[PDB]
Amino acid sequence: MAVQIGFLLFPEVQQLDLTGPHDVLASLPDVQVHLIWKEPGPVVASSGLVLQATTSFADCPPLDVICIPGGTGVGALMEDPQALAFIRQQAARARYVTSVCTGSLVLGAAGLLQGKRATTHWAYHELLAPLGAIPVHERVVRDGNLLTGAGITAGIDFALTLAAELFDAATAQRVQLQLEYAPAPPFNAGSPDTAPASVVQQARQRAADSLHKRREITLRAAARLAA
């Protein structure tokens, strides 16, 4: 009866994509949160932070919510047939199929974005259309039972949105207050629309090699879905 929420934990995950939502959702009543990988045990995030998977694919219970985080490690997952098959297995009956940041590229490689409105990190947004999505430039996008959040910190806004859907607005507001989530960022550079042009150029320059490599992975993943 407890709501079963599962996050895919993979090598080179961007940990905040997972740990942000995890602390929001684990604050709710009658939930059980799982960290899923091919085997239980340590998984190292892109920053070197060590996390611990609690269950293998096989021991994972049927999930009410599956959530795919993003990170450097998504490129490997986009061409991992075991991971994609596991995601499809769980998406088949989950109440909600969800992701944060570049986790939506993994949903895309699995075939789960075909014809659906979705978002991702601003620097990778161009990769949604070849995976079949209708790209939407909004921070949390819902299409039926699919919810996708934009880049990294959008996971917190995503998780509060999901909390209200699983329970109600009052429950989500109580968690928001406990987390003191009334942000006051010290700069206004969180979006390419508002950041200084010099900052946007530097962020794009740093992402360029990853984007090129992911353009190539994306087109192979799309060609598999087509064939």
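Residue indices: 1-based, along the sequence shown.
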- Query: So 24 to 32 or 178 to 186, which one's hotter by mean CA B-factor in the entry?
  - Reply: 24 to 32
- Can you let me know which of the two, 2 to 10 or 218 to 226, has the higher average C-alpha B-factor in the entry? 218 to 226
- When the entry's CA B-factors for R139, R93, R117, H121 are compared, the highest one belongs to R93
- Selection from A197, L51, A58, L160 [criterion: highest C-alpha temperature factor in the record]: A58
- Note on the structure: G71: CA temperature factor from the record, placed by chain third, in the lowest
- Going by the entry, which third of its chain does the Cα temperature factor of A203 land in? middle
- Task: Would you mind ranking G111 by its C-alpha B-factor against the rest of the chain and naming the third, lowest, middle or highest?
- Result: middle
- Query: Within this chain, which third does the Cα B-factor at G155 fall in: lowest, middle or highest?
  - Reply: lowest
- Entry-reported C-alpha B-factor of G149 relative to its chain, by third, is lowest
